[PDB]
Amino acid sequence: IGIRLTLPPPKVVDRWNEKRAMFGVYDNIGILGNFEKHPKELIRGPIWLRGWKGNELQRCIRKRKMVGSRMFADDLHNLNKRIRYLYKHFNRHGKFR
Amino acid sequence: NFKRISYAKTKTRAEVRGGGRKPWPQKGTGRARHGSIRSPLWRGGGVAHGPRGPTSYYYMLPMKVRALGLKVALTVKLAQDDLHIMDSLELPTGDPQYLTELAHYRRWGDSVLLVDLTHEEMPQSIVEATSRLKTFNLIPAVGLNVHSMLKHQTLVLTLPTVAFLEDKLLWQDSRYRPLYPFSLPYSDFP
Amino acid sequence: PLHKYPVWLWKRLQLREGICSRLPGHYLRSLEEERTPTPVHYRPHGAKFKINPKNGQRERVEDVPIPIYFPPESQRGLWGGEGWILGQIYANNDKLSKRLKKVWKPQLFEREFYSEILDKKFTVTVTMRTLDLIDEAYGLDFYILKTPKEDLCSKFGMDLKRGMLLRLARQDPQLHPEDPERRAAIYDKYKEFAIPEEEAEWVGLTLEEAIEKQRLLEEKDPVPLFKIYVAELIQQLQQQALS
Amino acid sequence: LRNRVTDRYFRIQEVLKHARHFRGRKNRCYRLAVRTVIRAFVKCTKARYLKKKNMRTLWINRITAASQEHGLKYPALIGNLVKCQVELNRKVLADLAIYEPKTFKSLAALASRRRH
Amino acid sequence: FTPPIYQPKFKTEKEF
Amino acid sequence: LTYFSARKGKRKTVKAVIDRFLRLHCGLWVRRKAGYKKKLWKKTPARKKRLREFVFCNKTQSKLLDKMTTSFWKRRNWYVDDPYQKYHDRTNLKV
Amino acid sequence: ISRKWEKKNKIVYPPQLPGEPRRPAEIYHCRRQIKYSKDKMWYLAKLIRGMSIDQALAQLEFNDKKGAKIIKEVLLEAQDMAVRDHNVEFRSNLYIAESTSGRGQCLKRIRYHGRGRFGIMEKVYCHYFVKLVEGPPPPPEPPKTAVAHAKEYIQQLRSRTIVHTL
Amino acid sequence: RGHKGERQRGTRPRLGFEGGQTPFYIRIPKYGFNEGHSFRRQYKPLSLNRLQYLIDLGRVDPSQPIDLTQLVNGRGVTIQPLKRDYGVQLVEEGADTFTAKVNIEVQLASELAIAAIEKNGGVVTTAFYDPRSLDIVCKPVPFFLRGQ
RNA sequence: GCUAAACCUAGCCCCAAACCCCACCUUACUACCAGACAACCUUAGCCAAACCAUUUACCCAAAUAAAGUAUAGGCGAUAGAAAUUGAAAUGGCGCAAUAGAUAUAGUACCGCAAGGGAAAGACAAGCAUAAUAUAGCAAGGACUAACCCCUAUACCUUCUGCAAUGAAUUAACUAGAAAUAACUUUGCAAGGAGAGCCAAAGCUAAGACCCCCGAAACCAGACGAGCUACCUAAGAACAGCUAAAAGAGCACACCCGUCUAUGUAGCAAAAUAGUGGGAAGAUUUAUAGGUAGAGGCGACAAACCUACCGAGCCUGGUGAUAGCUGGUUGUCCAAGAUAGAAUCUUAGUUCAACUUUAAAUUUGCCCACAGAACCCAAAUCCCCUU
RNA sequence: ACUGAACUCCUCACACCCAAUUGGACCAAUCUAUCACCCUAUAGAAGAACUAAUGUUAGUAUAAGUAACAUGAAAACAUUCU
RNA sequence: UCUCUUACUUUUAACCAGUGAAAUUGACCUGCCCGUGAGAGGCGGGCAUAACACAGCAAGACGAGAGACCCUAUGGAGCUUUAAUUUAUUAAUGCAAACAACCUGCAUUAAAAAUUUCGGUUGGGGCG
Ligand SMILES: [Mg+2]
Ligand SMILES: [Mg+2]
Ligand SMILES: [Mg+2]
Ligand SMILES: [Mg+2]
Ligand SMILES: [Mg+2]
Ligand SMILES: [Mg+2]
Ligand SMILES: [Mg+2]
Ligand SMILES: [Mg+2]
Ligand SMILES: [Mg+2]
Ligand SMILES: [Mg+2]
Ligand SMILES: [Mg+2]
Ligand SMILES: [Mg+2]
Ligand SMILES: [Mg+2]
Ligand SMILES: [Mg+2]
Ligand SMILES: [Mg+2]
Ligand SMILES: [Mg+2]
Ligand SMILES: [Mg+2]
Ligand SMILES: [Mg+2]
Ligand SMILES: [Mg+2]
Ligand SMILES: [Mg+2]
Ligand SMILES: [Mg+2]
Ligand SMILES: [Mg+2]
Ligand SMILES: [Mg+2]
Ligand SMILES: [Mg+2]
Ligand SMILES: [Mg+2]
Ligand SMILES: [Mg+2]
Ligand SMILES: [Mg+2]
Ligand SMILES: [Mg+2]
Ligand SMILES: [Mg+2]
Ligand SMILES: [Mg+2]
Ligand SMILES: [Mg+2]
């Protein structure tokens, strides 16, 4: 019974809408534009992870460092608790030493 | 993937509302031992290993590798007869129907990527023709990329774009190891 | 979500809004500016750089002030920047021993001080440091007028400062009435500290006191619209008659 | 619930179809069905030895009956046929006993003669 | 001694 | 050790290792012998000579020390008059 | 929920050829959400299974169970609709081809026990279904005779093959 | 993860713990192998082989004075002032085949390297650079963009 | 054919940007008399250090880099800079009613209180049709044939191995998160890298790898003396007889709870019936108030402090910690075994041994002689051949 | 003598019977890119697979139609009686 | 009470009608003797054996649900001390500080406490 008895409504995808059609444009902004701009400057997203990557602990540390003062109170409390938990887990748990 | 930022996030058992008190004592009730009503085992509880916050997938291939990818894409289009060089993108009219019919007559693909040197000097006729088309996409030379070259069946380049691309991609060959970012002044680099 | 501004900037944003914005500029600048108080409970480093003996290299050194607790009783007295040191010690002064809570309190005395500018004797709870500072300044009035707010660290001290500054700014004849020569002698002695009265009115005011002062200054019972409309109608009739 | 299983119906049915002829809830409930289906398949795999073992036992029983009809004992029949270089196997000998009694009579007579 | 646990009333007060 | 520090997210170096072992760049760790300064009056001259020596570590000891130090301690250092400059590299080594 | 029993009265068969036996009328009726246990209803349904309508009504009129009156009302309604809407000539020319009880939608209540403990009482409801077929009740299955038993045994004996051989 | 135990629970003790026995990395006496390592001056070697190679390939122009800026710009040496590099030391390796007349300014120079440089008719001088001046010399363009 | 089964948007998540009439502090939601009390004061502890006792990251006011460097440190677990350097600017490879907010709602409901806190809206299991036939993990081999014949000691987990653990059943949900190196595949190559870093073939990039639930606890801050303990203020009750101003006698009301029986998911999370003790007192009792958790109160039973007090309850630290228990989900193949040392250690761990993968190279195992001690057995070691 | 194994042979085919652990070949479903445009392919991802935690929630069984529960009598339904 | 139990009444009970739980439950097509295993409905050898209700019983189902005994954990908590560490706080003094009171700092001694621990081998414990 864990199965739907009707076909789901058809999902139509426009492969040639503007977003898909122009996807990838300016990814070579650096090597084709005399390196005035780095391609990572094209990234739109959270201010604390534009052109940067890390595990959950590093992401949380960076978020606290960069926008911690602007965070809501309980969100910041949750982030502090999460950093503490992730520190304990990554530095004290695991199969490997 | 390098631009990707997934915004999926789940609440852990620490972040789900409530769930402080121990539901029932360890022994006596005949029920399983539990510490909170928000553990992952519970309905409405936390997620043990769900997605965590906005995660970035950012990484950079070496710029030599990226330039080589551009070169390989160009060679592939040329070898498979999908590359067409134009003297200019000037059109007799800005009518999209003319452009579509021209591609159909010349047996171009269902999708065409037209590349002009710079954004400003692109002819108004081709600008108007391509602004109304979905599979005919017009980009400046600085916007050329492997993903769009592969998405579009045919690649149309102007002669200035060809010269520009040759210069930029060949510069990656025979260039020194950088002393500092190339945005900074160099003796011979514009 | 995220706040547009950092939460630690919210007080400054509030100061830039409402009646706090209507507060006078010099008072707002006095609030905003913060200077480190003169070291009292710790010995400052001599220089900015020091040759640490362990490796013989030149390392930067900073003076980190000891957190001082000022009980509310201090605001009614003149403690020369001295206060309670709420800290901890290692028993027998070795780090491998127990760590104990320790409060160091200053020795407080009751002394009577005569203010020349105020021609009044104040009984003030005081410290030996405050007595030494007064001696170095050559008198209570000089100590009060020279010592900045941070080093003075006393609401009573800042009120004395405001009183003396207002007396100087107004050249108030209430200082030794019937003795103008003595009054002028006092004002000449303390001439260098004189400031405009518009500024001396706001010296040493807490933010809440300043807000109340501004509200009292700008509180006006609304003018009846009868008067406004009569003035407007008379002006319009004058214009019509002239034209 | 980013990724959820949608095939669980078919995964369950793959086992339930093999369980449909069982007794009780073993034919309906997957928790019980899967245990009995695994046992059924293990039995099926192991029974290929017992099928061969029992067929030879059946052949030997039938040959013993047919040869006792002619006064021979099964060891005598088998051994003397081997000594006469007749390489008929037990399946074939049982088939001859059932369906060609005169041929089996000839084989029994031959075995007794060889014995004598 | 373990005190009895009462289930929420809504489970048993439901009506058509 | 700390695999991810709480302030930088970086891996930390166990400074007890740095205070005790020298790493030759090729991957060898040198150490002193335990007790080389202890009660020398009751040790034979041969034992004292053995104790005064700088000694290499095992493969597994070296692997442990490599894990316990970060890549900074495993770099090429061109010190002026390093006594271990010649020992920083291996020569004529077959497998 | 399901309401297929109600729909079974709305199926229209194609007209029968003159050289075709007359199709007996079939009437499906039900009562839903009877305040009664389906397990208790099953005995009454089983009792009146296979009987003529009049015999079933007579049996139910003198049965002490609460469900007997409900089943009698359902049967009377089915008889009425059989005559009015299903073109059944005679009221009494009907027999209960099917009579079953089904679970209804039930309500949960709390039953207080003695030490602050409780049980979950279920306010049980049941459905009741009848199919009435026009005609005399089919004769009961005759009991197996010794002759029939012996015939079956001899058929089994004759069915024997020589197994696992050519 | 194995059967039950600390390792299966994921709570095995820290790296270097030996079950309570005094660890290997602690039972060894402390010795000043790395004392003052971060204050020792480091000099990147520039062998005469490397210098001749750079001159031969034209990455370093011997017709002009050769200093650390020219070596870095020709990519003949990589200096890391942050890693306590105090400059370049001339290295005698390749002296027997050095045949270039050069005016080179280095920070250290071996006697044999000086001898080779001078025998070829060149000049070598050892000049000191503090860390700040060294950073500026190695990467002058970023310093010029600092606007100081 | 019943029960059911299914559905898709109600909304939600993460980013970006932007800085967001009247009544009511008395018993709140109470039209209307003498104020004055008016606030400020290091967190601790869990935890890590495999105990613990010094110690053990935590909105910082530019990311990166310097650098996990200098330093600090039972110099150990771990902690950890700065000088200097200088980043630009409306969306979803998010959920779709057990998910996503707890949320249709902080409602219902639970609690004296602080607090806790839901659910849901659009032919699965169970039954019926249709009970059953000798014999047995319920099937398999079969068979003309369901059974009869023959074979067959349920599953998981924990034990050395069978006993023990868990499982009514269905549906849904429910558990391997990552670096130091390596290896593999690209790029470039004595250089690599989009500053910093590494480099005696390296460097850059990617790919692969480190679970879930559970204590008793500890500390902080609240909430609790409408139960109970004791107390305060001001009340009330105590027939009749005997005795005579009584911590008197018998015995109602009333209070209690000796013994027995019933009851034992009960009428009751301590009751009922009889019996029994006190019943003008150190009595019982209504009302209002007070004492608060390492505290209160105690005619001391560690008793009582809102049914679970050798130390309340709630929230938070907190996803405490657990060397202990339990669990740890597609298919298929392959290799794969008992073993010494140290250890506040023998329920664990680290090294060794074994084991697996990849790689390089050349010998490896078996062993015929010869050979291995004096004091005074079986065999073993060693290695040309093979 | 015969019977007697998964031993061995025979016809055919072969990677297709160890715990922990380790190496490998495949792979359901989902989303994304591009296809296919029919219900798939090549890739990239991930809250990516449950016969088992006295697991959580919901449904329904079993015990079981069992334990247990309840309304003094007649009547003219006025009333009367116990 | 008993020898030594009996009779009757009420409740319960059983049947009819209405309503309708709980612990429990791997699945069960759920026999006996002997053997095995250290203890068998299910294993071996024998024996027995059409199929189902209802009412009883309590030998078995290591019956159910709780509990007791022992051992362990570098798990808690409590208690006591001539266990270790402290004296932050109070109380005394002493010395400085402020000029006797009062108060600050530094010491010493106590009171009251606070924090923490419980190595290994030897049926257990004592003494070893
Ligand atoms: Mg919580
Ligand atoms: Mg949720
Ligand atoms: Mg386990
Ligand atoms: Mg183990
Ligand atoms: Mg610890
Ligand atoms: Mg919800
Ligand atoms: Mg079904
Ligand atoms: Mg169980
Ligand atoms: Mg009270
Ligand atoms: Mg009386
Ligand atoms: Mg009395
Ligand atoms: Mg009392
Ligand atoms: Mg006592
Ligand atoms: Mg309580
Ligand atoms: Mg845990
Ligand atoms: Mg194998
Ligand atoms: Mg020890
Ligand atoms: Mg252990
Ligand atoms: Mg055989
Ligand atoms: Mg074989
Ligand atoms: Mg999952
Ligand atoms: Mg399931
Ligand atoms: Mg389960
Ligand atoms: Mg029932
Ligand atoms: Mg019963
Ligand atoms: Mg009853
Ligand atoms: Mg009944
Ligand atoms: Mg037995
Ligand atoms: Mg059994
Ligand atoms: Mg019975
Ligand atoms: Mg039990």
Side-chain angles (χ1 to χ4, degrees), chain A residues 1-2 4-5 38 41 46 55 68-69 76 80 85 90 94-96, chain B residues 7-10 13-14 17 20 26 32-33 35 39-43 47-51 54 61-65 177-178 180-181, chain C residues 4-5 60 69 72 86 91 95-96 98 100-102 105 107 109, chain D residues 1-3 5-7 23 29 31-32 34-35 39-40 43-44 47 49-51 54 75 79, chain E residues 1-4 8-10, chain F residues 3 5-8 10-13 67 70 89 95, chain G residues 2 4 37 39 64 66 100 102-103 111 113-117 119 121 127 159 161 163, chain H residues 2-3 5-6 13 18-21 38 82:
Chain A
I1 60 170
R4 48 177 310 137
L5 311 181
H38 196 288
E41 306 171 31
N55 62 49
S69 47
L76 178 62
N80 280 327
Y85 172 82
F90 281 125
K95 182 181 189 172
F96 309 133
Chain B
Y7 296 95
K9 177 176 194 180
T10 50
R13 51 177 308 180
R17 183 90 150 178
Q26 282 277 106
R33 306 171 306 177
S39 75
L41 316 195
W42 286 64
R43 173 183 176 279
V47 191
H49 298 305
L61 293 177
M63 78 158 69
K64 286 176 191 176
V65 174
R177 50 185 281 275
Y180 40 79
Chain C
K4 166 73 175 141
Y5 292 88
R60 211 165 75 95
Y69 166 62
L86 271 47
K95 75 173 295 287
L96 270 72
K98 200 166 293 292
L100 305 160
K101 277 194 303 178
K102 179 53 174 293
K105 295 177 182 178
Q107 198 174 25
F109 319 114
Chain D
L1 306 164
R2 168 84 182 73
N3 278 346
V5 163
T6 57
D7 292 341
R23 270 210 51 169
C29 300
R31 178 184 294 272
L32 316 173
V34 69
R35 297 190 199 117
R39 287 191 60 89
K43 285 170 190 294
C44 174
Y49 301 98
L50 294 168
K51 187 184 179 183
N54 294 330
Chain E
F1 176 69
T2 189
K9 301 217 312 211
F10 78 89
Chain F
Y3 303 91
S5 56
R7 296 203 52 75
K8 303 292 289 174
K10 293 178 170 171
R11 185 192 193 96
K12 288 205 183 180
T13 293
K67 290 179 188 176
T70 58
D89 276 326
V95 180
Chain G
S2 292
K4 296 175 72 174
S37 179
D39 308 287
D64 283 324
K66 172 215 267 187
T100 67
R103 201 184 177 266
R111 191 196 180 277
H113 284 243
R115 296 223 211 203
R117 283 175 278 203
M121 268 171 27
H127 302 329
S159 288
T161 65
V163 310
Chain H
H3 304 274
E6 255 189 338
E18 297 192 353
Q21 163 178 287
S38 55
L82 295 176

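A note on names: the letters A, B, ... follow the listed sequences, proteins ahead of strands, and every chain is numbered from 1. Worth knowing before you read on, the calculation uses all heavy atoms, side chains too, and leaves out hydrogens, waters and symmetry mates.
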Selected nucleotide, minimal atom distance to [X] side chain, candidates [options]:
X	options	answer
D:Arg2	I:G187, J:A45, I:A152	J:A45
G:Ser2	I:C123, I:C95, I:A342	I:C123
A:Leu5	I:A6, I:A178, K:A22	I:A6
D:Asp7	I:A50, I:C59, J:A29	J:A29
D:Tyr49	I:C2, I:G266, J:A6	J:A6

Base pair [N]/[M] (Watson-Crick or G-U, both distances under 3.5 Å):
N	M	value
I:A280	I:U157	no
I:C25	I:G194	no
I:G74	I:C52	yes
I:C259	I:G121	no
K:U10	I:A288	no
K:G76	J:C39	no
I:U329	I:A179	no
I:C381	I:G371	yes
J:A61	K:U25	yes
I:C314	I:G221	yes

_I want to confirm an ordering. Mapping D:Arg23 and G:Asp64 to their closest nucleotides on RNA chain K, which one lands closer to the 5' end?_
G:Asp64

*Where each residue is assigned the nucleotide of RNA chain K containing its nearest heavy atom, which of C:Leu100 and G:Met121 is assigned the position nearer the 5′ end?*
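The residue closer to the strand's 5' end, by nearest nucleotide, is G:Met121.
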
*Going 5' to 3' through nucleotides 212-217 of chain I, assign each nucleotide B (protein heavy atom under 4.0 Å from a base atom), S (under 4.0 Å only from sugar-phosphate atoms) or - (no protein heavy atom that close).*
SSBSS-

[X] [atom1] - [N] [atom2] separation (whole Å):
X	N	atom1	atom2	result
B:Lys9	I:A99	NZ	P	18 Å
D:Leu50	I:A139	CG	P	18 Å
B:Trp42	I:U98	CH2	P	17 Å
H:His3	I:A337	NE2	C1'	11 Å
B:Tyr180	I:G194	OH	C1'	13 Å
H:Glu18	I:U349	CD	P	15 Å
G:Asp39	I:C2	CG	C1'	13 Å
B:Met63	I:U204	CE	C1'	12 Å

Determine yes or no for a side-chain-to-main-chain donor-acceptor pair under 3.5 angstrom, with [X] supplying the side chain and [Y] the backbone.
X	Y	answer
F:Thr70	F:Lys12	no
A:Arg4	D:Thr6	no
F:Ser5	F:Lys10	yes

Tell which nucleotide pairs with [N], taking only Watson-Crick or G-U wobble pairs whose two distances are both under 3.5 angstrom.
N	answer
I:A337	none
K:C2	none
I:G266	none
I:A57	none
I:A359	none
I:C250	I:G240
K:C95	K:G105
J:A28	none

base_contact_polar ([N] base, [X] side chain, donor-acceptor, <3.5 Å):
X	N	value
A:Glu41	I:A88	no
A:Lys95	I:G176	no
D:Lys43	I:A152	yes
G:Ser37	J:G65	yes
B:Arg177	I:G192	yes
D:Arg31	I:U169	no
F:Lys67	I:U180	no
G:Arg117	I:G266	no

With heavy atoms under 4.0 Å as the rule, sort [X] into base, sugar-phosphate or nothing.
X	value
F:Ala6	base
B:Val47	base
B:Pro54	sugar-phosphate
F:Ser5	base
D:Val34	base
D:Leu32	sugar-phosphate

*Can you find a pair of side-chain heavy atoms, one from B:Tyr7 and one from B:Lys9, that are under 4.5 Å apart?*
no

*Where does the sugar of J:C77 land, north (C3'-endo side) or south (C2'-endo side), based on the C1'-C2'-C3'-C4' torsion?*
south

*asked:* When the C1'-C2'-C3'-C4' sign is the only test used, does the sugar of K:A61 come out north or south?
replied: north

Is the glycosidic angle of [N] within 90° of 0, making it syn, or outside that range, making it anti?
N	answer
I:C41	syn
I:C75	anti
I:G247	syn
I:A50	syn

*J:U60 OP1/OP2 closer than 4.0 Å to side-chain N/O of G:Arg103*: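 So the side-chain polar atoms of G:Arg103 do come within 4.0 Å of the phosphate oxygens OP1 or OP2 of J:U60, strictly under.
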
*If only side-chain N and O atoms of G:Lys66 are considered, is one of them under 4.0 Å from the OP1 or OP2 phosphate oxygen of K:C16?*
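No, no such contact exists.
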
*Any chance the bases of neighbours I:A248 and I:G249 are stacked, by the 5.5 Å centre and 30° plane criterion?*
yes

